[PDB]
Each structure stands twice: as C-alpha cells, then as structure tokens.
Amino acid sequence: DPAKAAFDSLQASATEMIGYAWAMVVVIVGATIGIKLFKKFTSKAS
Amino acid sequence: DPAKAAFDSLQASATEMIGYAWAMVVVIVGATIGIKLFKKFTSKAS
Amino acid sequence: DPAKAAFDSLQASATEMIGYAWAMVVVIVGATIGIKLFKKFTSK
Amino acid sequence: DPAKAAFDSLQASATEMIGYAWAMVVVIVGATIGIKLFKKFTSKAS
Amino acid sequence: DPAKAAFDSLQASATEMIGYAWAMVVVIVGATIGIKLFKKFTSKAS
Amino acid sequence: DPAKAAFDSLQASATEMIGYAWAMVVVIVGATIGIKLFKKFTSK
Amino acid sequence: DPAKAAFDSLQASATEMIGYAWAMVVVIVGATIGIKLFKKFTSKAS
Amino acid sequence: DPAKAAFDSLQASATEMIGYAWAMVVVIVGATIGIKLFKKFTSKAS
Amino acid sequence: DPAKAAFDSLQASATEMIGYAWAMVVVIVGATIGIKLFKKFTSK
Amino acid sequence: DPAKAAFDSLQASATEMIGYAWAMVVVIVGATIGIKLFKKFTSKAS
Amino acid sequence: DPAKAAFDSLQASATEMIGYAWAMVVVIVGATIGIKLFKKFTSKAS
Amino acid sequence: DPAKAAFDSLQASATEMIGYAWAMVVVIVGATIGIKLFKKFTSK
Amino acid sequence: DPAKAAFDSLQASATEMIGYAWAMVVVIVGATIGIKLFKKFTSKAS
Amino acid sequence: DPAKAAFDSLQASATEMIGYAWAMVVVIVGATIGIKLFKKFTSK
Amino acid sequence: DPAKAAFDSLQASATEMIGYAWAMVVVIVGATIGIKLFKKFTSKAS
C-alpha cells in the first residue's frame with residue numbers, strides 16, 4: 001500500500017511542527033502576562 | 001461480471017483512505033483549538 | 001463515529017485548562033486586594 | 001431514488017454533530033462568565 | 001418528440017433535489033446563529 | 001417561500017433568548033448595588 | 001427575451017428577503033440598546 | 001459579411017444584460033450598507 | 001454613469017440617519033447629567 | 001494597440017469612483033467625531 | 001527561423017501590458033491606504 | 001523599480017497626515033484641561 | 001538551469017520590498033506612540 | 001528539517017524584542033508614578 | 001528501460017526546486033511575523 005506509508009510520514013512531520021509551535025507560544029504568552037501584571041500593580045499602588 | 005469485481009476493489013481502497021484522513025484531522029484540529037483556549041483563558045485570568 | 005471520539009477529547013482538554021485558570025485568578029485577586037488595603041491604612 | 005436516502009443520511013449526521021457542539025459551548029461559556037463575576041464583585045468590594 | 005420527454009424528467013428530478021437542500025440549510029444556519037446569539041447576550045448581561 | 005419559514009423560526013428563537021437575558025441582568029445588577037451600599041455605610 | 005423575465009424574478013425574491021432581514025435587526029438592536037442603558041443608569045445612580 | 005451581423009447581435013445582447021446586473025447590485029449593496037450604518041450609529045449614540 | 005446614481009443614494013440615506021442619531025444622544029446625555037446632579041445634592 | 005485604449009478607459013473610470021468615495025468618508029467621519037466630542041466634554045463637566 | 005521573430009514580438013507586447021498594470025495598482029492601492037490612515041489618525045487624535 | 005516610486009508616494013502622504021493630527025490633538029487636549037480646572041475652582 | 005537564475009531574481013526583489021516596508025512602519029508606529037503618551041500624561045496631571 | 005531552522009530563527013528574534021520592551025515599560029511607568037506623586041503633594 | 005532514466009531525472013529536478021522554495025518562505029514569513037510582533041509589543045509597553 002504506497003498510500004499508507006505516505007500518510008504515515010505526513011502525520012509524523014505534522015506532530016514535530018506542533019512541538020516547535022507550542023514552544024513559541026510559551027515565550028510570547030509569558031512576556032505579555034508579565035508586562036500586564038507589572039502595569040496593573042503599579043497603578044493600584046499609586 | 002468483470003466490472004463488479006473492479007468497482008468493489010475501488011470502494012474498499014477509498015474506505016481505507018478516509019480512515020487515515022480522519023486521523024490527521026484530529027491531530028491538527030486538536031493543536032489549533034489548544035493554542036486558542038490557552039490564549040483566551042490566560043488573558044481572562046490575568 | 002470518528003467525530004464523537006474527537007469531540008470528547010477536546011472537552012476533556014478544556015476542563016483541565018479551566019482548572020489551572022481558577023488557580024491563577026485567586027493568586028492575582030489576592031495581590032490586588034492586598035495592595036488596596038495597605039494603601040488605605042496609609043492615606044486618611 | 002438513490003439521492004433521497006443519501007441526503008437523509010447527511011442530515012442525520014449533521015444533527016448529531018450539532019448536539020456535541022452545544023455541549024462544548026456550555027462548558028466554555030460557563031467558565032468565562034464565572035471568572036468575570038468573581039473579578040467584578042471583588043473590585044467593587046475593595 | 002423524444003426530447004421533450006427527457007427534458008421534463010430532468011427538471012422534475014432537479015426540483016426534488018432543491019427541496020432536500022433547502023432542508024439542510026435551515027438545520028445548519030439555525031445552529032450557527034444560535035451559538036452566536038448565546039455568546040453575545042450572555043456577555044452583555046454579565 | 002422556503003425562506004419565510006426559516007426567517008420566522010430564527011426570530012422566535014431570538015425572542016426566547018432575550019427573555020432569559022432580562023432575567024440574568026436583574027440578578028447581577030442587584031448584587032452590584034448591594035455591595036456598593038454596604039461599603040458606603042462602613043467607610044465615612 | 002428569456003433572460004429579462006429571469007433577471008426580474010431574481011430581483012423580486014431579493015427584495016422580499018431584505019424585508020425579512022430588516023425585521024430581525026430591529027428585534028436584536030432593540031434588546032442590546034435596552035440592556036446597555038439599564039446598566040449605565042444603574043451605575044451612575046450608585 | 002455573414003460575421004459582422006452575428007458579432008453585432010451578441011454585443012447588443014451583452015449590453016442589455018449588464019443593465020439588468022447593475023440594477024441588482026444597487027438593491028443588495030444598498031441593504032448591506034444600511035444594516036451596517038444602523039448598527040454603528042445606534043451604538044455610538046447610546 | 002450607473003455608479004454616480006448609486007453613490008448619491010447612499011449619501012442621502014446616511015445623512016438621514018445622522019439626523020436621527022443627533023436626537024437620541026441629547027435624550028441620553030440629558031438623563032446622565034440629571035442622575036449626576038441629584039446624587040450630588042444628596043451626598044455631601 | 002487595442003489594449004492601450006482599453007487600459008486607459010479603465011483607469012479613468014477608477015479615478016472617478018475614488019472621487020465619489022472620498023466624499024462619503026467625510027460625511028460619516030464628520031458625524032462620528034462630532035458625537036464623540038459632545039459625549040466626552042459633557043462627562044468631564046459633570 | 002520564423003519562430004524567433006514571433007516569440008520576440010509576444011514578449012515585447014507582454015512588457016507593454018505590465019507597464020499599464022503597474023500604473024493602475026498605484027492609483028487603487030493609494031486610495032485604499034489613504035482611507036485607512038484617515039480613519040485611524042482622526043480617531044486617535046479625538 | 002516601479003515599486004520604489006509607489007512606496008515613496010505613500011510615505012509622503014502619511015507624513016502630511018501626521019502633521020494635521022498633531023494640530024487636532026492640541027485643540028482637544030486644551031479644551032479638556034480647561035473644563036477640569038473650572039470645575040475644580042467651583043467645588044471644594 | 002533556467003529555474004535557478006529566476007528563483008534567485010525573485011528573492012532579490014522580495015528583500016528590497018521588505019526594506020521599503022520596514023521604513024513605513026517606523027514612521028506610523030512613531031506617530032501613534034507619540035499621540036498616546038501625550039494624552040496619557042496630560043490626563044494624569046489634571 | 002528546513003522547518004526547524006526557521007522556527008529557531010523566529011524564537012531568537014522574539015527574545016530580542018521582549019528585551020527592548022522591558023526597557024520601554026520602566027521609562028513610562030517611572031514617569032506616570034512621578035506625575036501622580038507631585039500632584040498629590042500639591043492638592044490636600 | 002528508457003523510462004527509469006527519465007523518471008529519475010524529473011524527481012532530481014523537483015527536489016532542487018523545493019529547496020529554492022523553502023528559502024523564499026523563510027524570508028517572507030520572517031518579515032510578516034516581525035512586523036506583527038513589533039506592532040503588538042510597542043503598544044502593550046506604552
């Protein structure tokens with residue numbers, strides 16, 4: 001079944017890409033939450 | 001009937017391919033709706 | 001049903017995330033109420 | 001009428017999917033409203 | 001006229017199919033505009 | 001008219017939802033006005 | 001002119017649909033403005 | 001020239017159709033930009 | 001120009017709507033200024 | 001060059017449309033800024 | 001070579017057309033990014 | 001470069017608009033600071 | 001390899017366009033940040 | 001992996017930008033806290 | 001086998017082209033996600 005092998009390869013590659021993607025989100029989401037909290041607390045203090 | 005035999009083989013093959021395709025959809029849609037929900041909830045709870 | 005299986009997975013995942021969120025909100029709301037008390041005690 | 005049976009099957013499947021979908025919305029909308037009210041009341045109190 | 005007969009049959013068949021198609025549209029559009037209105041009103045009243 | 005039937009259904013559904021909403025807003029506005037009174041009575 | 005009659009029919013149908021649509025907007029826009037004003041006045045009062 | 005005659009007829013027919021099409025555009029675009037402006041101004045004045 | 005005719009219609013319609021809006025804003029702004037005065041007269 | 005004349009005509013028409021469009025923007029943008037300033041000043045006064 | 005001659009003519013013609021097309025792009029893109037910037041800055045300065 | 005010419009035009013246009021905007025903001029900020037002073041002088 | 005030269009040309013052109021684009025962003029982003037800070041400080045002062 | 005190389009470049013770039021941002025926020029927050037102190041010292 | 005030889009050449013050529021194409025993607029996607037992140041972070045830190 002030429003098809004089975006090919007479909008299998010594509011799924012493998014896709015899984016790898018999702019891995020790299022999860023990494024990037026954490027870096028950006030981290031930064032954004034960081035900046036927000038600093039600004040919020042500072043304003044409440046004075 | 002040389003045609004019955006042929007038509008049956010092609011349907012069998014098609015069914016196999018739809019199986020492989022459903023698998024790939026659940027990997028990709030999973031990822032997409034996992035990045036979306038992360039981005040939403042983090043912001044709403046911070 | 002190849003769809004039932006998928007829909008069930010995504011609900012499971014969602015439930016897990018709401019749990020982590022209910023945690024984060026209690027840490028941040030704590031802080032905010034704590035800045036607001038101390039400032040009050042200090043300024044008439 | 002080959003067509004009638006086929007159209008009927010597709011509608012059946014569609015109805016089922018809408019069912020699964022309504023379930024998911026309730027879980028997410030519940031959470032979102034919950035977090036909002038907590039934050040609102042807390043701020044008004046002090 | 002062997003052609004009149006044929007053209008009439010194909011129009012009849014077409015009319016039947018548009019009936020089945022209108023049905024499916026009202027099920028799907030219903031669902032979509034029911035999820036949208038839920039999401040809007042809940043947020044505006046909370 | 002296969003469209004008239006459909007448009008009528010969606011209006012009916014909308015009317016039902018606005019009813020449920022007018023309920024929820026009176027429960028929440030009640031709470032908010034009740035926190036604001038008690039805090040006032042307490043702090044000059 | 002087969003075309004003229006057909007173009008005429010399509011415009012007629014379109015006009016009818018716009019009518020049904022204007023009705024729906026009024027019901028939703030009414031509700032939204034209603035909820036907004038109630039919330040605004042209540043907050044200003046106390 | 002049997003061709004001049006033919007080409008002239010087809011251009012005449014085309015011109016007629018563009019007339020009917022311009023009419024339909026002004027009915028539909030009208031409606032769309034009437035629902036948009038209603039939704040905008042009502043919200044901005046309330 | 002089948003476009004000039006159309007563009008003119010849409011401007012006419014827009015002008016009408018701005019008129020209705022300038023009305024609604026004076027009714028709502030009135031109310032808001034009226035709640036703010038009465039509350040003041042009542043609380044130091 | 002049949003093409004040159006045709007390209008020229010299309011540009012001419014396009015320029016005219018941009019003219020009509022600039023007019024409409026001024027009417028709408030005027031209104032929006034107007035309503036905003038009235039609301040802002042009123043709130044600051046009392 | 002009767003073919004060299006022909007291929008050369010068609011390239012010449014193509015070059016002419018890309019000139020007319022670049023012109024049209026600068027008129028339309030100009031307008032679009034002029035309406036966008038107007039709408040942005042006016043709102044941010046009012 | 002048929003693109004260089006175009007990009008240059010759009011930057012020129014943008015610069016002109018920022019100029020008109022820096023004007024409008026000084027007229028509006030003036031007004032806002034002027035309402036806030038007068039109200040203060042009037043109410044303890 | 002006719003292809004290699006062609007792919008190379010396209011990349012060269014693309015790089016140039018990105019250059020022109022970075023310039024425009026700086027002019028607009030500069031302005032926007034400027035207007036924001038002025039408004040913010042003024043409000044905090046009085 | 002022609003994708004690994006690309007994903008790595010974009011993360012590197014992102015890290016650089018977050019650095020520049022943490023700078024800008026400390027300059028602006030400084031200013032805001034400095035306007036709020038001086039105004040207070042001046043008005044009861 | 002005169003066909004083996006031919007099929008092998010065409011695969012070789014294809015592989016070369018996918019190399020050139022991957023290169024172009026990393027230049028363009030780079031630029032796009034560099035303009036986006038600039039616009040986001042500047043606004044959130046000002």
# chains A, B, ... in the order shown; residues from 1 in each chain; ligands from 1

call {"tool": "calpha_fit_and_write", "arguments": {"fixed": "chain D", "moving": "chain J", "output": "short mmCIF file (atom, residue, chain, number, x, y, z; two decimals) with N, CA, C and O atoms, in the first residue's frame"}}
result
data_model
loop_
_atom_site.label_atom_id
_atom_site.label_comp_id
_atom_site.auth_asym_id
_atom_site.auth_seq_id
_atom_site.Cartn_x
_atom_site.Cartn_y
_atom_site.Cartn_z
N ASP J 1 -34.97 6.08 -5.61
CA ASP J 1 -34.27 7.39 -5.61
C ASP J 1 -32.99 7.29 -4.78
O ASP J 1 -33.03 7.46 -3.56
N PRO J 2 -31.82 7.02 -5.40
CA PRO J 2 -30.58 6.84 -4.65
C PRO J 2 -30.31 8.10 -3.84
O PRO J 2 -29.85 8.01 -2.71
N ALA J 3 -30.67 9.25 -4.42
CA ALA J 3 -30.35 10.56 -3.87
C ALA J 3 -31.05 10.80 -2.54
O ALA J 3 -30.45 11.38 -1.63
N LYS J 4 -32.32 10.39 -2.44
CA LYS J 4 -33.13 10.72 -1.27
C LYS J 4 -32.49 10.11 -0.03
O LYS J 4 -32.28 10.81 0.95
N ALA J 5 -32.12 8.82 -0.12
CA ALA J 5 -31.54 8.12 1.01
C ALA J 5 -30.27 8.83 1.46
O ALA J 5 -30.08 9.06 2.65
N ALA J 6 -29.44 9.23 0.48
CA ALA J 6 -28.14 9.84 0.74
C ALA J 6 -28.32 11.18 1.44
O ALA J 6 -27.65 11.43 2.44
N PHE J 7 -29.23 12.02 0.94
CA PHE J 7 -29.48 13.32 1.55
C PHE J 7 -29.95 13.15 2.99
O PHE J 7 -29.57 13.93 3.86
N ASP J 8 -30.72 12.08 3.23
CA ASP J 8 -31.29 11.80 4.54
C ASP J 8 -30.18 11.47 5.54
O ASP J 8 -30.19 11.98 6.66
N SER J 9 -29.22 10.64 5.10
CA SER J 9 -28.09 10.22 5.92
C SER J 9 -27.27 11.42 6.37
O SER J 9 -26.88 11.50 7.53
N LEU J 10 -27.03 12.36 5.44
CA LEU J 10 -26.18 13.50 5.70
C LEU J 10 -26.81 14.40 6.76
O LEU J 10 -26.10 14.87 7.64
N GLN J 11 -28.14 14.58 6.70
CA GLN J 11 -28.85 15.41 7.66
C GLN J 11 -28.78 14.79 9.05
O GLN J 11 -28.56 15.50 10.03
N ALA J 12 -28.95 13.46 9.12
CA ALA J 12 -28.88 12.73 10.37
C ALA J 12 -27.54 12.99 11.06
O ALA J 12 -27.52 13.36 12.24
N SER J 13 -26.44 12.85 10.31
CA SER J 13 -25.09 13.01 10.83
C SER J 13 -24.88 14.43 11.35
O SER J 13 -24.29 14.62 12.40
N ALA J 14 -25.38 15.41 10.58
CA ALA J 14 -25.25 16.82 10.89
C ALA J 14 -25.92 17.13 12.23
O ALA J 14 -25.32 17.83 13.05
N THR J 15 -27.12 16.59 12.46
CA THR J 15 -27.87 16.82 13.69
C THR J 15 -27.06 16.34 14.90
O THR J 15 -27.00 17.04 15.91
N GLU J 16 -26.42 15.17 14.76
CA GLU J 16 -25.62 14.59 15.82
C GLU J 16 -24.47 15.53 16.19
O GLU J 16 -24.22 15.74 17.38
N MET J 17 -23.82 16.13 15.18
CA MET J 17 -22.66 16.98 15.38
C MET J 17 -23.05 18.24 16.14
O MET J 17 -22.30 18.70 16.99
N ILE J 18 -24.24 18.79 15.82
CA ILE J 18 -24.73 19.99 16.47
C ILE J 18 -24.91 19.71 17.96
O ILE J 18 -24.61 20.57 18.77
N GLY J 19 -25.33 18.48 18.29
CA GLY J 19 -25.53 18.05 19.67
C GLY J 19 -24.24 18.11 20.48
O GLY J 19 -24.22 18.69 21.57
N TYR J 20 -23.17 17.53 19.91
CA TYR J 20 -21.87 17.50 20.55
C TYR J 20 -21.35 18.93 20.75
O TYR J 20 -20.69 19.21 21.75
N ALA J 21 -21.67 19.80 19.78
CA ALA J 21 -21.20 21.18 19.76
C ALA J 21 -21.86 22.00 20.86
O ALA J 21 -21.18 22.78 21.52
N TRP J 22 -23.17 21.81 21.07
CA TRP J 22 -23.88 22.58 22.09
C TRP J 22 -23.28 22.29 23.47
O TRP J 22 -23.13 23.20 24.27
N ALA J 23 -22.89 21.03 23.69
CA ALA J 23 -22.27 20.60 24.94
C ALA J 23 -21.01 21.40 25.22
O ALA J 23 -20.86 21.96 26.31
N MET J 24 -20.11 21.49 24.23
CA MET J 24 -18.83 22.16 24.41
C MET J 24 -19.04 23.64 24.74
O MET J 24 -18.33 24.17 25.59
N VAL J 25 -20.03 24.30 24.10
CA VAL J 25 -20.20 25.74 24.30
C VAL J 25 -20.53 26.00 25.77
O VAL J 25 -19.97 26.92 26.36
N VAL J 26 -21.38 25.14 26.36
CA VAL J 26 -21.85 25.36 27.71
C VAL J 26 -20.67 25.31 28.69
O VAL J 26 -20.60 26.14 29.58
N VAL J 27 -19.71 24.40 28.45
CA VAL J 27 -18.58 24.23 29.35
C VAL J 27 -17.71 25.49 29.35
O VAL J 27 -17.34 25.98 30.41
N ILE J 28 -17.42 26.02 28.15
CA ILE J 28 -16.57 27.19 27.98
C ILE J 28 -17.28 28.47 28.45
O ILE J 28 -16.65 29.26 29.14
N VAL J 29 -18.55 28.66 28.07
CA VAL J 29 -19.28 29.87 28.40
C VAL J 29 -19.48 29.95 29.92
O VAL J 29 -19.36 31.03 30.49
N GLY J 30 -19.73 28.80 30.55
CA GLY J 30 -19.85 28.71 31.99
C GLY J 30 -18.62 29.29 32.69
O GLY J 30 -18.74 30.21 33.50
N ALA J 31 -17.44 28.78 32.30
CA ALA J 31 -16.16 29.16 32.87
C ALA J 31 -15.94 30.67 32.75
O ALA J 31 -15.57 31.30 33.74
N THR J 32 -16.19 31.22 31.56
CA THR J 32 -15.89 32.61 31.23
C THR J 32 -16.74 33.54 32.08
O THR J 32 -16.21 34.52 32.60
N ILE J 33 -18.03 33.22 32.23
CA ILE J 33 -18.94 34.05 33.00
C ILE J 33 -18.50 33.99 34.46
O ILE J 33 -18.43 35.03 35.11
N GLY J 34 -18.10 32.79 34.91
CA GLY J 34 -17.67 32.58 36.28
C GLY J 34 -16.52 33.51 36.66
O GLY J 34 -16.61 34.24 37.65
N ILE J 35 -15.48 33.52 35.82
CA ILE J 35 -14.26 34.26 36.12
C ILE J 35 -14.57 35.76 36.15
O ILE J 35 -14.06 36.46 37.02
N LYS J 36 -15.44 36.21 35.24
CA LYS J 36 -15.80 37.61 35.09
C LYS J 36 -16.47 38.14 36.36
O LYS J 36 -16.09 39.20 36.85
N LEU J 37 -17.48 37.41 36.86
CA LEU J 37 -18.26 37.85 38.01
C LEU J 37 -17.38 37.93 39.25
O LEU J 37 -17.47 38.91 39.98
N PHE J 38 -16.51 36.93 39.45
CA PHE J 38 -15.61 36.92 40.60
C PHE J 38 -14.78 38.21 40.61
O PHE J 38 -14.71 38.88 41.64
N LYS J 39 -14.19 38.55 39.46
CA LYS J 39 -13.32 39.71 39.33
C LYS J 39 -14.10 41.00 39.58
O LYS J 39 -13.58 41.90 40.22
N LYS J 40 -15.35 41.06 39.09
CA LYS J 40 -16.16 42.27 39.16
C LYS J 40 -16.53 42.58 40.61
O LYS J 40 -16.32 43.70 41.07
N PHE J 41 -17.06 41.57 41.32
CA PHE J 41 -17.52 41.73 42.69
C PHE J 41 -16.36 42.10 43.61
O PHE J 41 -16.51 42.95 44.49
N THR J 42 -15.21 41.45 43.40
CA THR J 42 -14.04 41.65 44.24
C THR J 42 -13.60 43.11 44.17
O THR J 42 -13.34 43.71 45.21
N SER J 43 -13.58 43.67 42.96
CA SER J 43 -13.15 45.04 42.72
C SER J 43 -14.11 46.04 43.37
O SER J 43 -13.66 47.07 43.88
N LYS J 44 -15.42 45.75 43.32
CA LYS J 44 -16.41 46.66 43.87
C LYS J 44 -16.32 46.68 45.39
O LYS J 44 -16.54 47.72 46.00
N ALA J 45 -15.98 45.53 45.99
CA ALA J 45 -15.91 45.41 47.44
C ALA J 45 -14.81 46.30 47.98
O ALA J 45 -15.03 47.04 48.94
N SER J 46 -13.64 46.25 47.33
CA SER J 46 -12.42 46.93 47.74
C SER J 46 -11.31 46.50 46.79
O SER J 46 -11.11 45.28 46.67
#

call {"tool": "interface_residues", "arguments": {"of": "chain I", "to": "chain G", "cutoff": "12 Å", "atoms": "only C-alpha atoms", "output": "list in words"}}
result
residues 24, 27, 28, 29, 30, 31, 32, 33, 34, 35, 36, 37, 38, 39, 40, 42 and 43 of chain I

call {"tool": "decode", "arguments": {"residues": "range 4-26 of chain B", "atoms": "N, CA and C atoms", "output": "tab-separated table (two decimals), in the first residue's frame"}}
result
chain	number	residue	atom	x	y	z
B	4	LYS	N	-18.12	-5.72	-11.58
B	4	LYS	CA	-18.49	-5.83	-10.17
B	4	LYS	C	-17.22	-5.90	-9.33
B	5	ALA	N	-16.34	-6.83	-9.72
B	5	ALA	CA	-15.08	-7.10	-9.04
B	5	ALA	C	-14.27	-5.82	-8.90
B	6	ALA	N	-14.19	-5.05	-10.00
B	6	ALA	CA	-13.37	-3.85	-10.07
B	6	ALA	C	-13.95	-2.76	-9.17
B	7	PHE	N	-15.27	-2.55	-9.27
B	7	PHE	CA	-15.93	-1.48	-8.52
B	7	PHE	C	-15.80	-1.73	-7.02
B	8	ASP	N	-15.78	-3.01	-6.63
B	8	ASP	CA	-15.72	-3.38	-5.22
B	8	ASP	C	-14.35	-3.06	-4.65
B	9	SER	N	-13.30	-3.31	-5.44
B	9	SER	CA	-11.93	-3.07	-5.02
B	9	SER	C	-11.71	-1.58	-4.74
B	10	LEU	N	-12.27	-0.72	-5.61
B	10	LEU	CA	-12.02	0.71	-5.54
B	10	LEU	C	-12.74	1.33	-4.34
B	11	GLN	N	-13.89	0.77	-3.96
B	11	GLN	CA	-14.62	1.24	-2.79
B	11	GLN	C	-13.84	0.86	-1.53
B	12	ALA	N	-13.31	-0.37	-1.50
B	12	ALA	CA	-12.53	-0.86	-0.38
B	12	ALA	C	-11.35	0.08	-0.13
B	13	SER	N	-10.63	0.43	-1.20
B	13	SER	CA	-9.46	1.29	-1.15
B	13	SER	C	-9.83	2.67	-0.61
B	14	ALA	N	-10.96	3.21	-1.07
B	14	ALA	CA	-11.44	4.53	-0.67
B	14	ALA	C	-11.70	4.57	0.84
B	15	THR	N	-12.34	3.52	1.37
B	15	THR	CA	-12.68	3.42	2.78
B	15	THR	C	-11.42	3.49	3.63
B	16	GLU	N	-10.35	2.82	3.18
B	16	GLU	CA	-9.08	2.79	3.88
B	16	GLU	C	-8.51	4.20	4.01
B	17	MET	N	-8.64	5.00	2.94
B	17	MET	CA	-8.01	6.32	2.86
B	17	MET	C	-8.73	7.32	3.76
B	18	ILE	N	-10.05	7.17	3.91
B	18	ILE	CA	-10.85	8.07	4.73
B	18	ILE	C	-10.50	7.87	6.20
B	19	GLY	N	-10.04	6.65	6.53
B	19	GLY	CA	-9.59	6.32	7.87
B	19	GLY	C	-8.32	7.08	8.23
B	20	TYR	N	-7.36	7.10	7.30
B	20	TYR	CA	-6.09	7.77	7.50
B	20	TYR	C	-6.32	9.28	7.61
B	21	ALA	N	-7.32	9.78	6.87
B	21	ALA	CA	-7.58	11.21	6.78
B	21	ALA	C	-8.26	11.72	8.05
B	22	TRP	N	-9.15	10.91	8.63
B	22	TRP	CA	-9.81	11.29	9.87
B	22	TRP	C	-8.78	11.44	10.99
B	23	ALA	N	-7.77	10.57	10.98
B	23	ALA	CA	-6.71	10.56	11.98
B	23	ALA	C	-5.97	11.90	11.99
B	24	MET	N	-5.54	12.35	10.80
B	24	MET	CA	-4.78	13.57	10.61
B	24	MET	C	-5.58	14.79	11.08
B	25	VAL	N	-6.90	14.78	10.88
B	25	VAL	CA	-7.75	15.92	11.21
B	25	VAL	C	-7.76	16.14	12.73
B	26	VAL	N	-7.70	15.04	13.51
B	26	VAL	CA	-7.86	15.10	14.96
B	26	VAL	C	-6.56	15.58	15.61
